Every structure is written in structure tokens, then in C-alpha cells.
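Colleague: Take a look at the following structure, please.
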Amino acid sequence: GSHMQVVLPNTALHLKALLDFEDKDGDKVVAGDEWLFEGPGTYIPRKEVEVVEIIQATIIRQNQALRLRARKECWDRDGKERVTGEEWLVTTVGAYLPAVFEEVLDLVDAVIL
């Protein structure tokens, strides 16, 4: 195992959230959630989730941003199993964060000056 690491060089890894979450509101997970993690340097393997895959940085620019939206309905970004309507935007400077259930919709050049 690599144990907790340090702020990666603008890279991210895919983690799988393993936990029994039963909610009567209409949304519940059963040991089967997974998502990408940018800058997981301080990420540690906790029973709650488990390291699934890893990704280095090498594709974005210094301002280009990538807005991605969920495709299924179980990929949690900050640990909150959201639905396909949930989406997140990546603002890395020279990297590449391929989500798992969230696909990209387009590109957005950020402002440098």
C-alpha cells in the first residue's frame, strides 16, 4: 500500500465509497459508490471507501477548465452520493481528471489577466 501521500502534482485518483446508506427520502447507497479525487495527496484508505484507480496530470492548460456532469446517479464528489443531475467543474492547471460516472460537456478557457 502507499498509505497517505502528499499533495500530488495536480493529479487525481478514483475512490470507491463502500458504505450502507439507507435513506427514506428516496436516495440511498449500498456499498457501491465511486468517484475521482483531485489532489488526493492527503487521501487515506478508510473502510468508508477504497482506492480504485489513479490518474496523473498531463492534458489541461494554465486556465482551461473542464465542467463535467454525472452520467448515472451514484458518483459522489465530496462523499455525497448525488444523482445524474449532479455535476462538478475541474479547474486544474495542466492535468487530467477523468471522472467515473461524470462525463465532460465542453471546455472553458479561464481568464489569465
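In the C-alpha cells, chains take the letters A, B, ... in the order shown, each chain's residues start at 1, and ligands count up from 1 in the order shown.
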For residue 95 (chain A), list every protein, DNA or RNA residue within 7 Å, evaluated using only C-alpha atoms, and leave out those in the same chain fewer than 3 positions away; present the list as a list in words.
Modeller: residues 10, 11, 56, 57, 58, 59, 60 and 92 of chain A
Colleague: Would you mind exporting N, CA, C and O atoms of the selected residues as a PDB file, in the first residue's frame?
Modeller:
ATOM      1  N   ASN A  10      -0.936  18.090  -9.089  1.00  0.00           N
ATOM      2  CA  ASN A  10      -2.163  18.348  -9.898  1.00  0.00           C
ATOM      3  C   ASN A  10      -2.700  17.044 -10.507  1.00  0.00           C
ATOM      4  O   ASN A  10      -3.116  17.009 -11.647  1.00  0.00           O
ATOM      5  N   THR A  11      -2.708  15.976  -9.750  1.00  0.00           N
ATOM      6  CA  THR A  11      -3.234  14.681 -10.285  1.00  0.00           C
ATOM      7  C   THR A  11      -4.434  14.224  -9.446  1.00  0.00           C
ATOM      8  O   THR A  11      -4.732  14.798  -8.421  1.00  0.00           O
ATOM      9  N   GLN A  56      -2.586  10.708 -13.389  1.00  0.00           N
ATOM     10  CA  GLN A  56      -1.587  11.813 -13.281  1.00  0.00           C
ATOM     11  C   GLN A  56      -2.069  13.048 -14.051  1.00  0.00           C
ATOM     12  O   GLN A  56      -3.121  13.043 -14.656  1.00  0.00           O
ATOM     13  N   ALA A  57      -1.308  14.111 -14.024  1.00  0.00           N
ATOM     14  CA  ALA A  57      -1.722  15.352 -14.746  1.00  0.00           C
ATOM     15  C   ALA A  57      -0.950  15.501 -16.062  1.00  0.00           C
ATOM     16  O   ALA A  57       0.255  15.352 -16.099  1.00  0.00           O
ATOM     17  N   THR A  58      -1.631  15.807 -17.139  1.00  0.00           N
ATOM     18  CA  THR A  58      -0.930  15.977 -18.447  1.00  0.00           C
ATOM     19  C   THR A  58      -1.936  16.176 -19.589  1.00  0.00           C
ATOM     20  O   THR A  58      -2.007  15.374 -20.500  1.00  0.00           O
ATOM     21  N   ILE A  59      -2.706  17.233 -19.567  1.00  0.00           N
ATOM     22  CA  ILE A  59      -3.678  17.444 -20.682  1.00  0.00           C
ATOM     23  C   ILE A  59      -4.340  18.833 -20.608  1.00  0.00           C
ATOM     24  O   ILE A  59      -4.670  19.415 -21.622  1.00  0.00           O
ATOM     25  N   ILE A  60      -4.540  19.373 -19.436  1.00  0.00           N
ATOM     26  CA  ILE A  60      -5.184  20.721 -19.354  1.00  0.00           C
ATOM     27  C   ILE A  60      -4.134  21.826 -19.508  1.00  0.00           C
ATOM     28  O   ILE A  60      -2.959  21.561 -19.667  1.00  0.00           O
ATOM     29  N   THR A  92      -8.049  22.647 -12.845  1.00  0.00           N
ATOM     30  CA  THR A  92      -6.604  22.346 -12.628  1.00  0.00           C
ATOM     31  C   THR A  92      -5.743  23.095 -13.648  1.00  0.00           C
ATOM     32  O   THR A  92      -6.213  23.515 -14.686  1.00  0.00           O
TER      33      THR A  92
END
Colleague: Might you pull out every residue within 8 Å of residue 109 (chain A), with only C-alpha atoms counted and same-chain residues fewer than 4 positions away left off, and present them as a list in words?
Modeller: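 The residues that qualify are residues 63, 64 and 65 of chain A.
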Colleague: Taking only C-alpha atoms into account, name the residue in A:104, A:6, A:112, A:17 that is nearest to residue 45 (chain A).
Modeller: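 Among the listed residues, the smallest separation from residue 45 (chain A) belongs to A:17.
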Colleague: What lies within 9 Å of residue 98 (chain A) using only C-alpha atoms, ignoring chain neighbours under 5 positions off, as a list in words?
Modeller: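 Skipping anything fewer than 5 positions along the chain leaves residues 12, 13, 14, 36, 55, 103 and 104 of chain A.
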Colleague: With distances taken over only C-alpha atoms, which residue among A:9, A:35, A:62, A:29 lies nearest residue 113 (chain A)?
Modeller: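 Distance minimum relative to residue 113 (chain A) lands on A:62.
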Colleague: In Å to one decimal, how far is CA of residue 75 (chain A) from CA of residue 87 (chain A)?
Modeller: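 CA of residue 75 (chain A) lies 9.6 Å from CA of residue 87 (chain A).
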Colleague: Going by DSSP on the backbone, which residues of region 25-73 of chain A come out as strand (DSSP E or B)? List them as a list in words.
Modeller: residues 29, 30, 33, 34, 35, 36, 37, 38, 49, 50, 51, 52, 53, 54, 55, 64, 65, 66, 67, 68, 69 and 70 of chain A
